[PDB]
file run36.tsv (TSV, C-alpha atoms and all ligand atoms)
chain	number	residue	atom	x	y	z
A	4	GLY	CA	0.00	0.00	0.00
A	5	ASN	CA	1.01	3.53	0.81
A	6	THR	CA	0.82	4.83	4.15
A	7	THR	CA	3.48	5.36	6.36
A	8	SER	CA	3.24	6.15	10.04
A	9	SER	CA	5.01	7.11	13.17
A	10	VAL	CA	4.33	7.44	16.60
A	11	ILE	CA	6.37	10.09	18.46
A	12	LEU	CA	7.89	8.98	21.84
A	13	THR	CA	8.84	10.61	24.95
A	14	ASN	CA	12.31	9.93	26.45
A	15	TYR	CA	12.58	9.59	30.21
A	16	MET	CA	15.92	9.62	31.57
A	17	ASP	CA	17.03	7.72	28.77
A	18	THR	CA	15.66	4.86	30.58
A	19	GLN	CA	12.06	4.81	29.57
A	20	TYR	CA	10.70	5.70	26.06
A	21	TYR	CA	6.90	5.71	25.59
A	22	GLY	CA	4.41	6.85	23.00
A	23	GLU	CA	0.60	7.03	23.00
A	24	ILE	CA	-2.21	4.96	21.66
A	25	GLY	CA	-5.95	5.27	22.05
A	26	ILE	CA	-8.24	2.32	22.98
A	27	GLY	CA	-11.95	2.61	22.67
A	28	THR	CA	-14.53	4.60	21.11
A	29	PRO	CA	-14.27	7.49	22.67
A	30	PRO	CA	-10.64	7.03	23.00
A	31	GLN	CA	-9.02	6.38	26.38
A	32	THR	CA	-5.57	7.55	26.16
A	33	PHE	CA	-2.73	5.60	27.44
A	34	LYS	CA	0.99	5.90	27.34
A	35	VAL	CA	2.97	2.94	26.28
A	36	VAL	CA	6.45	1.34	25.57
A	37	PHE	CA	6.61	-0.16	22.09
A	38	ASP	CA	8.42	-3.35	22.94
A	39	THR	CA	9.86	-5.79	20.47
A	40	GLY	CA	10.63	-8.07	23.31
A	41	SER	CA	7.07	-9.31	23.58
A	42	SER	CA	4.02	-9.82	21.74
A	43	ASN	CA	0.93	-8.80	23.67
A	44	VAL	CA	-0.89	-5.49	24.36
A	45	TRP	CA	-2.09	-4.63	27.92
A	46	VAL	CA	-3.14	-1.49	29.74
A	47	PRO	CA	-4.44	-1.23	33.32
A	48	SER	CA	-8.03	-1.83	34.21
A	49	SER	CA	-10.47	-0.05	35.92
A	50	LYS	CA	-11.28	-3.35	37.40
A	51	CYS	CA	-7.85	-3.39	39.07
A	52	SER	CA	-8.00	-3.01	42.78
A	53	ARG	CA	-6.37	0.19	44.00
A	54	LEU	CA	-4.97	-1.72	46.84
A	55	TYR	CA	-2.26	-2.07	44.19
A	56	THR	CA	-0.62	1.24	44.35
A	57	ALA	CA	0.37	1.14	40.80
A	58	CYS	CA	-3.26	1.32	39.77
A	59	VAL	CA	-3.84	4.39	41.69
A	60	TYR	CA	-1.13	5.99	39.76
A	61	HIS	CA	-1.83	4.99	36.19
A	62	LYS	CA	-4.82	5.62	33.91
A	63	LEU	CA	-7.22	2.72	33.67
A	64	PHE	CA	-9.43	1.33	31.15
A	65	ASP	CA	-13.05	1.55	31.72
A	66	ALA	CA	-14.77	-0.33	29.25
A	67	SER	CA	-18.22	0.46	30.08
A	68	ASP	CA	-17.64	3.76	28.70
A	69	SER	CA	-16.69	2.38	25.49
A	70	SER	CA	-19.15	1.93	22.80
A	71	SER	CA	-16.82	-0.56	20.83
A	72	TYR	CA	-15.51	-2.88	23.51
A	73	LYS	CA	-16.09	-6.28	23.32
A	74	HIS	CA	-16.09	-8.87	25.94
A	75	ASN	CA	-13.61	-11.69	26.19
A	76	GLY	CA	-12.68	-12.96	29.49
A	77	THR	CA	-9.76	-15.30	29.44
A	78	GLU	CA	-7.11	-14.73	32.04
A	79	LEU	CA	-3.76	-14.17	30.96
A	80	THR	CA	-0.63	-13.65	33.01
A	81	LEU	CA	2.38	-11.87	31.54
A	82	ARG	CA	5.87	-12.69	32.76
A	83	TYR	CA	8.77	-10.51	32.00
A	84	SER	CA	12.51	-10.17	32.62
A	85	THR	CA	11.51	-8.10	35.38
A	86	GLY	CA	7.81	-8.23	36.68
A	87	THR	CA	4.44	-9.99	36.12
A	88	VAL	CA	1.20	-8.38	35.57
A	89	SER	CA	-1.92	-10.49	35.46
A	90	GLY	CA	-5.39	-9.72	34.03
A	91	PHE	CA	-7.93	-10.66	31.31
A	92	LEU	CA	-8.63	-10.32	27.72
A	93	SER	CA	-10.73	-7.90	25.83
A	94	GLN	CA	-11.34	-6.10	22.52
A	95	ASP	CA	-11.83	-2.74	21.35
A	96	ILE	CA	-10.27	-0.63	18.62
A	97	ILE	CA	-6.84	0.69	19.24
A	98	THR	CA	-5.39	3.58	17.32
A	99	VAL	CA	-1.57	3.67	16.87
A	100	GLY	CA	-0.44	6.82	15.02
A	101	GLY	CA	-3.37	7.38	12.89
A	102	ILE	CA	-3.92	3.62	11.96
A	103	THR	CA	-6.85	2.10	13.65
A	104	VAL	CA	-7.11	-1.60	14.25
A	105	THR	CA	-9.44	-3.69	16.55
A	106	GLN	CA	-7.12	-5.60	18.74
A	107	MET	CA	-7.43	-8.07	21.59
A	108	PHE	CA	-5.62	-6.80	24.59
A	109	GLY	CA	-5.30	-7.31	28.21
A	110	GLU	CA	-6.87	-5.32	30.93
A	111	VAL	CA	-4.49	-5.91	33.90
A	112	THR	CA	-6.01	-6.03	37.32
A	113	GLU	CA	-2.84	-7.10	39.03
A	114	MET	CA	0.00	-4.80	38.73
A	115	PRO	CA	2.76	-5.12	41.16
A	116	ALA	CA	4.35	-2.00	42.52
A	117	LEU	CA	7.78	-2.77	41.98
A	118	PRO	CA	8.54	-2.13	39.22
A	119	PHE	CA	5.29	-0.75	38.17
A	120	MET	CA	5.16	2.20	40.53
A	121	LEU	CA	8.28	3.42	38.93
A	122	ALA	CA	7.15	3.30	35.38
A	123	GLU	CA	6.15	6.39	33.61
A	124	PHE	CA	4.24	4.52	31.14
A	125	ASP	CA	0.79	2.83	31.53
A	126	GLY	CA	1.20	-0.41	29.56
A	127	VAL	CA	2.91	-2.20	26.83
A	128	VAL	CA	2.54	-2.75	23.00
A	129	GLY	CA	4.42	-5.87	21.97
A	130	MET	CA	5.83	-5.63	18.54
A	131	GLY	CA	6.97	-9.28	18.73
A	132	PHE	CA	5.76	-12.32	16.73
A	133	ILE	CA	2.61	-14.58	17.17
A	134	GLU	CA	4.80	-17.04	18.37
A	135	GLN	CA	5.69	-15.33	21.66
A	136	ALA	CA	2.17	-14.14	22.29
A	137	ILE	CA	0.83	-15.47	25.33
A	138	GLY	CA	-2.74	-16.59	24.75
A	139	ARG	CA	-1.88	-17.10	21.15
A	140	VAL	CA	-3.49	-13.69	20.50
A	141	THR	CA	-2.74	-11.87	17.21
A	142	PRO	CA	-0.56	-8.84	17.72
A	143	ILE	CA	-0.91	-5.36	16.52
A	144	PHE	CA	1.55	-5.63	13.85
A	145	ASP	CA	0.03	-8.52	12.30
A	146	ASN	CA	-3.28	-6.96	12.35
A	147	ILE	CA	-2.09	-3.68	10.95
A	148	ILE	CA	-0.45	-5.51	8.33
A	149	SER	CA	-3.72	-7.12	7.46
A	150	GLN	CA	-5.35	-3.81	6.77
A	151	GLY	CA	-3.30	-3.56	3.61
A	152	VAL	CA	-2.08	-0.03	4.06
A	153	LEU	CA	1.61	0.12	4.73
A	154	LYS	CA	3.93	0.41	2.07
A	155	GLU	CA	6.16	-2.05	3.75
A	156	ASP	CA	6.18	-4.57	6.31
A	157	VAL	CA	8.55	-2.80	8.35
A	158	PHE	CA	8.76	-0.76	11.52
A	159	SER	CA	11.81	1.30	12.70
A	160	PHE	CA	12.85	2.98	16.05
A	161	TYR	CA	14.80	6.19	16.67
A	162	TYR	CA	15.68	6.71	20.42
A	163	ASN	CA	17.25	10.08	21.16
A	164	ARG	CA	19.54	11.24	23.64
A	165	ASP	CA	18.09	13.47	26.11
A	166	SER	CA	16.78	17.11	26.94
A	171	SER	CA	12.80	18.45	20.80
A	172	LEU	CA	11.94	14.70	19.75
A	173	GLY	CA	12.38	11.90	22.34
A	174	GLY	CA	12.16	9.25	19.80
A	175	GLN	CA	10.04	8.02	16.89
A	176	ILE	CA	8.69	4.78	15.33
A	177	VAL	CA	7.69	4.53	11.91
A	178	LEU	CA	5.41	1.93	10.70
A	179	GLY	CA	5.59	0.93	7.12
A	180	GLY	CA	9.25	2.39	6.69
A	181	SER	CA	12.34	4.38	8.09
A	182	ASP	CA	12.99	8.05	8.37
A	183	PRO	CA	16.19	8.77	6.45
A	184	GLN	CA	16.58	11.92	8.40
A	185	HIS	CA	17.77	10.07	11.48
A	186	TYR	CA	20.34	7.67	10.08
A	187	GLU	CA	23.37	7.71	7.95
A	188	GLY	CA	25.53	5.66	6.00
A	189	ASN	CA	23.97	2.39	5.04
A	190	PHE	CA	21.73	0.04	6.81
A	191	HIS	CA	23.21	-3.26	7.55
A	192	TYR	CA	21.02	-6.27	8.14
A	193	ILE	CA	21.35	-9.35	10.26
A	194	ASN	CA	19.01	-12.20	9.37
A	195	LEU	CA	16.75	-13.54	12.05
A	196	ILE	CA	18.29	-16.67	13.61
A	197	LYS	CA	14.99	-18.86	14.20
A	198	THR	CA	11.63	-16.94	13.37
A	199	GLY	CA	8.68	-15.94	15.51
A	200	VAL	CA	11.50	-13.91	17.59
A	201	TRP	CA	13.82	-10.74	17.20
A	202	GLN	CA	16.92	-12.76	18.08
A	203	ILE	CA	20.07	-12.37	16.11
A	204	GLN	CA	23.34	-14.15	16.03
A	205	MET	CA	25.95	-12.45	17.96
A	206	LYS	CA	29.73	-13.14	17.15
A	207	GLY	CA	31.71	-11.84	20.22
A	208	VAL	CA	32.03	-8.95	22.69
A	209	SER	CA	35.27	-6.97	22.82
A	210	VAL	CA	35.97	-4.93	25.81
A	211	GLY	CA	38.69	-2.52	25.00
A	212	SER	CA	40.59	-4.37	22.47
A	213	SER	CA	39.96	-8.19	23.02
A	214	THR	CA	37.06	-10.71	22.92
A	215	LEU	CA	36.71	-11.15	26.45
A	216	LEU	CA	33.42	-12.82	25.87
A	217	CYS	CA	30.81	-14.00	23.48
A	218	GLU	CA	33.68	-15.78	21.80
A	219	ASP	CA	31.95	-18.93	20.26
A	220	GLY	CA	28.88	-17.03	18.98
A	221	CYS	CA	25.90	-15.98	21.05
A	222	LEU	CA	22.31	-14.62	21.00
A	223	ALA	CA	21.42	-11.01	21.12
A	224	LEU	CA	17.83	-10.25	21.34
A	225	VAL	CA	17.28	-6.66	20.01
A	226	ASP	CA	14.60	-5.21	22.39
A	227	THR	CA	13.19	-1.76	22.32
A	228	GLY	CA	11.33	-2.23	25.51
A	229	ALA	CA	14.52	-2.61	27.52
A	230	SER	CA	16.61	0.15	28.70
A	231	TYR	CA	19.98	-1.15	29.20
A	232	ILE	CA	22.25	-3.51	27.32
A	233	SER	CA	22.42	-6.75	29.31
A	234	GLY	CA	23.72	-10.13	29.46
A	235	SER	CA	23.82	-13.26	31.58
A	236	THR	CA	24.99	-12.79	35.06
A	237	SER	CA	27.89	-14.69	34.17
A	238	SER	CA	29.36	-12.84	31.34
A	239	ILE	CA	28.05	-9.61	32.87
A	240	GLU	CA	30.02	-10.26	35.90
A	241	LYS	CA	33.15	-10.81	33.79
A	242	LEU	CA	32.78	-7.88	31.55
A	243	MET	CA	32.24	-5.89	34.74
A	244	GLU	CA	35.46	-7.25	36.22
A	245	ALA	CA	37.28	-5.98	33.27
A	246	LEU	CA	35.90	-2.45	33.24
A	247	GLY	CA	36.52	-2.42	36.89
A	248	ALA	CA	32.90	-1.70	38.29
A	249	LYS	CA	31.07	-2.73	41.60
A	250	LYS	CA	27.59	-4.17	42.37
A	251	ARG	CA	25.08	-1.77	44.18
A	252	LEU	CA	22.29	-4.60	44.10
A	253	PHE	CA	21.07	-3.89	40.79
A	254	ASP	CA	23.56	-1.99	38.72
A	255	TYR	CA	27.26	-1.77	38.37
A	256	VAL	CA	28.99	1.51	38.78
A	257	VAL	CA	32.22	3.11	38.61
A	258	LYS	CA	33.72	5.99	40.23
A	259	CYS	CA	33.15	9.07	38.41
A	260	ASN	CA	36.62	10.31	37.93
A	261	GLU	CA	37.36	6.88	36.21
A	262	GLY	CA	34.40	7.46	34.10
A	263	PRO	CA	35.49	9.03	30.80
A	264	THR	CA	38.13	6.39	30.41
A	265	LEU	CA	36.57	2.94	30.54
A	266	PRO	CA	37.43	1.38	27.23
A	267	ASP	CA	34.99	0.88	24.35
A	268	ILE	CA	32.83	-2.25	24.04
A	269	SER	CA	32.10	-3.79	20.78
A	270	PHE	CA	29.41	-6.00	19.45
A	271	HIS	CA	30.13	-8.21	16.60
A	272	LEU	CA	27.10	-8.55	14.43
A	273	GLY	CA	27.29	-9.56	10.66
A	274	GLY	CA	30.92	-8.63	9.88
A	275	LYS	CA	30.34	-5.24	11.29
A	276	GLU	CA	31.30	-4.02	14.69
A	277	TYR	CA	29.06	-1.94	16.81
A	278	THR	CA	31.21	0.00	19.18
A	279	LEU	CA	30.06	1.86	22.12
A	280	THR	CA	32.33	4.53	23.40
A	281	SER	CA	32.51	4.92	27.04
A	282	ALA	CA	30.17	7.86	27.05
A	283	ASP	CA	27.55	5.91	25.31
A	284	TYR	CA	27.42	3.59	28.36
A	285	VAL	CA	28.09	5.34	31.42
A	286	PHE	CA	25.64	7.74	32.91
A	287	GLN	CA	28.09	10.49	33.69
A	288	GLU	CA	26.41	13.02	36.10
A	289	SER	CA	29.77	13.96	37.65
A	290	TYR	CA	33.45	13.55	37.19
A	291	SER	CA	34.27	13.38	40.77
A	292	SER	CA	36.62	10.98	42.63
A	293	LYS	CA	33.84	11.00	45.36
A	294	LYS	CA	30.57	9.83	43.74
A	295	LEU	CA	29.30	6.82	41.93
A	296	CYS	CA	28.20	6.65	38.33
A	297	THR	CA	26.28	3.83	37.12
A	298	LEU	CA	26.55	2.01	33.76
A	299	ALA	CA	23.94	1.23	31.19
A	300	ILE	CA	24.65	-2.44	30.99
A	301	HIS	CA	23.11	-5.05	33.29
A	302	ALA	CA	22.70	-8.62	34.20
A	303	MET	CA	19.46	-10.26	33.23
A	304	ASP	CA	18.89	-13.89	32.93
A	305	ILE	CA	16.15	-14.59	30.30
A	306	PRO	CA	15.22	-18.28	30.37
A	307	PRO	CA	15.20	-20.78	27.69
A	308	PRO	CA	12.19	-19.65	26.22
A	309	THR	CA	14.39	-17.45	24.39
A	310	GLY	CA	17.18	-16.62	26.63
A	311	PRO	CA	19.90	-17.07	27.68
A	312	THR	CA	20.44	-14.10	25.49
A	313	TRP	CA	21.95	-10.76	25.53
A	314	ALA	CA	19.47	-8.17	25.17
A	315	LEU	CA	20.38	-5.02	23.22
A	316	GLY	CA	18.08	-2.29	24.67
A	317	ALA	CA	17.90	1.43	24.49
A	318	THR	CA	21.70	1.84	25.09
A	319	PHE	CA	22.24	0.41	21.82
A	320	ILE	CA	19.31	1.61	19.71
A	321	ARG	CA	20.10	5.04	20.56
A	322	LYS	CA	23.30	4.91	18.69
A	323	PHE	CA	22.04	2.72	15.87
A	324	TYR	CA	18.77	3.54	14.32
A	325	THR	CA	17.00	0.12	14.13
A	326	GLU	CA	14.64	-1.16	11.44
A	327	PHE	CA	12.87	-4.36	12.04
A	328	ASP	CA	12.09	-6.30	8.71
A	329	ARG	CA	9.03	-8.37	8.47
A	330	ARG	CA	9.00	-8.76	4.83
A	331	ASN	CA	12.26	-10.35	5.11
A	332	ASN	CA	12.83	-11.40	8.54
A	333	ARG	CA	15.99	-9.76	9.43
A	334	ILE	CA	17.07	-6.62	11.36
A	335	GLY	CA	19.09	-3.79	9.89
A	336	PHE	CA	21.43	-1.31	11.73
A	337	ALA	CA	22.52	2.17	10.54
A	338	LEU	CA	24.08	5.06	12.37
A	339	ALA	CA	21.79	7.39	14.25
A	340	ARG	CA	21.99	11.06	13.54
B	1	LIG	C1	5.98	-12.69	27.87
B	1	LIG	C2	7.48	-12.90	27.55
B	1	LIG	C3	8.31	-11.64	27.86
B	1	LIG	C4	9.39	-11.47	26.88
B	1	LIG	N1	10.24	-10.30	26.99
B	1	LIG	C5	10.98	-10.05	28.05
B	1	LIG	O1	10.96	-10.77	29.06
B	1	LIG	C6	11.93	-8.83	27.94
B	1	LIG	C7	13.43	-9.41	28.00
B	1	LIG	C8	11.72	-7.79	29.03
B	1	LIG	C9	10.43	-7.05	28.69
B	1	LIG	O2	10.45	-6.69	27.28
B	1	LIG	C10	10.23	-5.81	29.59
B	1	LIG	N2	11.27	-4.82	29.29
B	1	LIG	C11	8.84	-5.19	29.32
B	1	LIG	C12	8.53	-4.15	30.39
B	1	LIG	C13	9.08	-4.64	31.73
B	1	LIG	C14	9.38	-3.42	32.58
B	1	LIG	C15	8.98	-3.32	33.92
B	1	LIG	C16	9.27	-2.16	34.66
B	1	LIG	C17	9.95	-1.10	34.07
B	1	LIG	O3	10.24	0.08	34.82
B	1	LIG	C18	10.99	0.07	36.08
B	1	LIG	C19	10.33	-1.19	32.73
B	1	LIG	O4	11.05	-0.12	32.09
B	1	LIG	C20	10.95	-0.24	30.68
B	1	LIG	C21	11.55	0.97	29.99
B	1	LIG	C22	11.30	0.86	28.47
B	1	LIG	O5	11.39	2.16	27.91
B	1	LIG	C23	11.75	2.00	26.56
B	1	LIG	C24	10.05	-2.36	31.98
B	1	LIG	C25	7.02	-3.91	30.55
B	1	LIG	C26	6.60	-3.44	29.33
B	1	LIG	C27	6.36	-5.21	30.91

call {"tool": "encode", "arguments": {"input": "run36.tsv", "output": "structure tokens", "more": "lines below"}}
Ligand SMILES: CCCCNC(=O)[C@H](C)C[C@H](O)[C@@H](N)C[C@H](Cc1ccc(OC)c(OCCCOC)c1)C(C)C
result
Amino acid sequence: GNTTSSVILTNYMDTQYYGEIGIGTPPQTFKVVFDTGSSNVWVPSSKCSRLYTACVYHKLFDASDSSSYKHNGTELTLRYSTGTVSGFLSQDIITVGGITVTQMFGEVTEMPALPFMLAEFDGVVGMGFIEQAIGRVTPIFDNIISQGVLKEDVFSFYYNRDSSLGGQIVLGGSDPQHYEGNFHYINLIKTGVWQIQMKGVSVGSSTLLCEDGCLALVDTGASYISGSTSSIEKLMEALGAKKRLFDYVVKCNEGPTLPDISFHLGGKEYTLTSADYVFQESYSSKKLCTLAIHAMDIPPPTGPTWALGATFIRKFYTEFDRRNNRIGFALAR
């Protein structure tokens, strides 16, 4: 076809990038993360008990105020790298950047506070494959694609640095005014998942890890670049960072000196300069700066896998190809 679309996203501390969709006729407006790490849509429900503090803090979906809603009813529990939300199915029309589809989503009535009370966004839009869709529910992209409207079965993400535009997705294409040089594609390893083959991580100058080929799931819904606890740990040893419970960190003076890390994808090497990965809010001997890499163990469903999140997409404009099943990288401008 010939439509092309984008949503515009807001960047929050570089750690959380959301855009907005509208469910229901009259629209209910919710804020959401467009995640390629999963494949289901959910937003909080009015039915959620406000004994859950998260619900008192996020907009909820009232469907009895929606003329288009449509009852469903099966339960559905979503598990993620880092939190579960439980709830039930339903349908109404959703509007993502001017394209309206009728999608089956989940109304969550169980939303745990941690980490939910810390999320600026209301829910999630999985841009994953049918395959990873819990409930075996068709996802937004496949439905949009059914409409016959895009010129291409492709969506791309721009994540900006921070403090105009926070980001931008474009459905049915790629804005050439946010990339440079050529795109470079990596074919999808199995299908029904955004996983690509990853050839080795270099810290500084040598493959400290990844060495016999590994998995890198490219995931827009994640904020940091992460790996198994076990290679994380190692990499960390190298760089010379500590643990803080959840994130490593280095002393700020040290900061603008940690070597570069590289990611070996398709004969090309994606290097991240030290600034790209440290969150430098100081340069002082006495203060701790944390890094934008983590440990995350994603289980055999798909993991173990390294996840390349926002840290990475923000440097390399990413296009995800449906028509052809692969992922291409280009340099963000
Ligand atoms: C159902 C199978 C799940 C498959 N995918 C995964 O497990 C991924 C590795 C992790 C998820 O994609 C995860 N990032 C999604 C995300 C989890 C999450 C929870 C709390 C957060 O805030 C403290 C958060 O921050 C996300 C920031 C994204 O901004 C771009 C993400 C929401 C949408 C559920």

call {"tool": "closest_atom_pairs", "arguments": {"input": "run36.tsv", "of": "chain A", "to": "ligand LIG 1 (chain B)", "cutoff": "7 Å", "atoms": "only C-alpha atoms and all ligand atoms", "output": "Markdown table"}}
result
| residue | atom | partner | partner_atom | distance |
| --- | --- | --- | --- | --- |
| A:18 | CA | B:LIG1 | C21 | 5.7 |
| A:19 | CA | B:LIG1 | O5 | 3.2 |
| A:20 | CA | B:LIG1 | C23 | 3.9 |
| A:21 | CA | B:LIG1 | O5 | 6.2 |
| A:36 | CA | B:LIG1 | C23 | 5.4 |
| A:38 | CA | B:LIG1 | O2 | 5.8 |
| A:39 | CA | B:LIG1 | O2 | 6.9 |
| A:40 | CA | B:LIG1 | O2 | 4.2 |
| A:41 | CA | B:LIG1 | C4 | 4.6 |
| A:81 | CA | B:LIG1 | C1 | 5.2 |
| A:82 | CA | B:LIG1 | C1 | 4.9 |
| A:83 | CA | B:LIG1 | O1 | 3.7 |
| A:84 | CA | B:LIG1 | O1 | 3.9 |
| A:85 | CA | B:LIG1 | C13 | 5.6 |
| A:86 | CA | B:LIG1 | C15 | 5.8 |
| A:118 | CA | B:LIG1 | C18 | 4.5 |
| A:119 | CA | B:LIG1 | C16 | 5.5 |
| A:121 | CA | B:LIG1 | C18 | 5.2 |
| A:122 | CA | B:LIG1 | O3 | 4.5 |
| A:126 | CA | B:LIG1 | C26 | 6.2 |
| A:127 | CA | B:LIG1 | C26 | 4.6 |
| A:135 | CA | B:LIG1 | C2 | 6.6 |
| A:136 | CA | B:LIG1 | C1 | 6.9 |
| A:137 | CA | B:LIG1 | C1 | 6.4 |
| A:226 | CA | B:LIG1 | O2 | 6.6 |
| A:227 | CA | B:LIG1 | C23 | 5.8 |
| A:228 | CA | B:LIG1 | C22 | 4.3 |
| A:229 | CA | B:LIG1 | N2 | 4.3 |
| A:230 | CA | B:LIG1 | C21 | 5.3 |
| A:305 | CA | B:LIG1 | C7 | 6.3 |
| A:314 | CA | B:LIG1 | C7 | 6.8 |
| A:317 | CA | B:LIG1 | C23 | 6.5 |

call {"tool": "closest_residue", "arguments": {"input": "run36.tsv", "among": "A:24, A:29, A:327, A:318", "to": "residue 131 of chain A", "atoms": "all atoms listed in the file"}}
result
A:327

call {"tool": "closest_atom_pairs", "arguments": {"input": "run36.tsv", "of": "segment 74-111 of chain A", "to": "segment 47-55 of chain A", "cutoff": "10 Å", "atoms": "all atoms listed in the file", "output": "Markdown table"}}
result
| residue | atom | partner | partner_atom | distance |
| --- | --- | --- | --- | --- |
| A:88 | CA | A:47 | CA | 9.4 |
| A:89 | CA | A:47 | CA | 9.8 |
| A:90 | CA | A:48 | CA | 8.3 |
| A:91 | CA | A:48 | CA | 9.3 |
| A:109 | CA | A:47 | CA | 8.0 |
| A:110 | CA | A:48 | CA | 4.9 |
| A:111 | CA | A:47 | CA | 4.7 |

call {"tool": "closest_residue", "arguments": {"input": "run36.tsv", "among": "A:208, A:203, A:302, A:285", "to": "residue 239 of chain A", "atoms": "all atoms listed in the file"}}
result
A:302

call {"tool": "closest_residue", "arguments": {"input": "run36.tsv", "among": "A:297, A:141, A:159, A:80", "to": "residue 243 of chain A", "atoms": "only C-alpha atoms"}}
result
A:297

call {"tool": "closest_residue", "arguments": {"input": "run36.tsv", "among": "A:145, A:254, A:261, A:23", "to": "residue 104 of chain A", "atoms": "only C-alpha atoms"}}
result
A:145

call {"tool": "closest_residue", "arguments": {"input": "run36.tsv", "among": "A:282, A:114, A:44, A:26", "to": "residue 61 of chain A", "atoms": "all atoms listed in the file"}}
result
A:114

call {"tool": "residues_around", "arguments": {"input": "run36.tsv", "residues": "residue 289 of chain A", "least_positions_apart": "2", "cutoff": "8 Å", "atoms": "only C-alpha atoms", "output": "PyMOL selection string"}}
result
chain A and resi 259-260+287+291+294+296

call {"tool": "write_last_selection", "arguments": {"input": "run36.tsv", "atoms": "C-alpha atoms", "output": "PDB file, keeping the file's coordinate frame"}}
result
ATOM      1  CA  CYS A 259      33.150   9.070  38.410  1.00  0.00           C
ATOM      2  CA  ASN A 260      36.620  10.310  37.930  1.00  0.00           C
ATOM      3  CA  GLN A 287      28.090  10.490  33.690  1.00  0.00           C
ATOM      4  CA  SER A 291      34.270  13.380  40.770  1.00  0.00           C
ATOM      5  CA  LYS A 294      30.570   9.830  43.740  1.00  0.00           C
ATOM      6  CA  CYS A 296      28.200   6.650  38.330  1.00  0.00           C
TER       7      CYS A 296
END

call {"tool": "axis_aligned_box", "arguments": {"input": "run36.tsv", "around": "segment 233-240 of chain A", "padding_each_side": "4 Å", "output": "lines of an AutoDock Vina configuration file"}}
result
center_x = 26.2
center_y = -10.7
center_z = 32.6
size_x = 15.6
size_y = 15.9
size_z = 14.6

call {"tool": "closest_residue", "arguments": {"input": "run36.tsv", "among": "A:15, A:108, A:277, A:60", "to": "residue 43 of chain A", "atoms": "all atoms listed in the file"}}
result
A:108

call {"tool": "atom_distance", "arguments": {"input": "run36.tsv", "atom1": "atom CA of residue 339 of chain A", "atom2": "atom CA of residue 280 of chain A"}}
result
14.2 Å

call {"tool": "residues_around", "arguments": {"input": "run36.tsv", "residues": "residue 271 of chain A", "least_positions_apart": "4", "cutoff": "7 Å", "atoms": "all atoms listed in the file", "output": "PDB file with C-alpha atoms, keeping the file's coordinate frame"}}
result
ATOM      1  CA  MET A 205      25.950 -12.450  17.960  1.00  0.00           C
ATOM      2  CA  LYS A 206      29.730 -13.140  17.150  1.00  0.00           C
ATOM      3  CA  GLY A 207      31.710 -11.840  20.220  1.00  0.00           C
ATOM      4  CA  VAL A 208      32.030  -8.950  22.690  1.00  0.00           C
ATOM      5  CA  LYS A 275      30.340  -5.240  11.290  1.00  0.00           C
ATOM      6  CA  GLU A 276      31.300  -4.020  14.690  1.00  0.00           C
ATOM      7  CA  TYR A 277      29.060  -1.940  16.810  1.00  0.00           C
TER       8      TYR A 277
END

call {"tool": "residues_around", "arguments": {"input": "run36.tsv", "residues": "residue 251 of chain A", "least_positions_apart": "3", "cutoff": "12 Å", "atoms": "only C-alpha atoms", "output": "list in words"}}
result
residues 248, 254, 255, 256, 257, 295, 296, 297, 298 and 301 of chain A

call {"tool": "atom_distance", "arguments": {"input": "run36.tsv", "atom1": "atom CA of residue 215 of chain A", "atom2": "atom CA of residue 320 of chain A"}}
result
22.6 Å

call {"tool": "closest_atom_pairs", "arguments": {"input": "run36.tsv", "of": "segment 297-327 of chain A", "to": "segment 165-190 of chain A", "cutoff": "8 Å", "atoms": "only C-alpha atoms", "output": "tab-separated table"}}
result
residue	atom	partner	partner_atom	distance
A:323	CA	A:186	CA	7.8
A:324	CA	A:186	CA	6.1
A:326	CA	A:181	CA	6.9

call {"tool": "closest_atom_pairs", "arguments": {"input": "run36.tsv", "of": "segment 92-128 of chain A", "to": "segment 71-79 of chain A", "cutoff": "6 Å", "atoms": "all atoms listed in the file", "output": "JSON lines"}}
result
{"residue": "A:92", "atom": "CA", "partner": "A:76", "partner_atom": "CA", "distance": 5.1}
{"residue": "A:93", "atom": "CA", "partner": "A:75", "partner_atom": "CA", "distance": 4.8}
{"residue": "A:94", "atom": "CA", "partner": "A:73", "partner_atom": "CA", "distance": 4.8}
{"residue": "A:95", "atom": "CA", "partner": "A:72", "partner_atom": "CA", "distance": 4.3}

call {"tool": "atom_distance", "arguments": {"input": "run36.tsv", "atom1": "atom CA of residue 192 of chain A", "atom2": "atom CA of residue 273 of chain A"}}
result
7.5 Å

call {"tool": "residues_near_point", "arguments": {"input": "run36.tsv", "point": "(18.2, -18.8, 26.8)", "cutoff": "12 Å", "atoms": "only C-alpha atoms", "output": "list in words"}}
result
residues 84, 202, 221, 222, 223, 224, 234, 235, 303, 304, 305, 306, 307, 308, 309, 310, 311, 312, 313 and 314 of chain A

call {"tool": "residues_around", "arguments": {"input": "run36.tsv", "residues": "residue 319 of chain A", "least_positions_apart": "3", "cutoff": "8 Å", "atoms": "all atoms listed in the file", "output": "ChimeraX atom specification"}}
result
/A:231-232,279,315-316,322-323
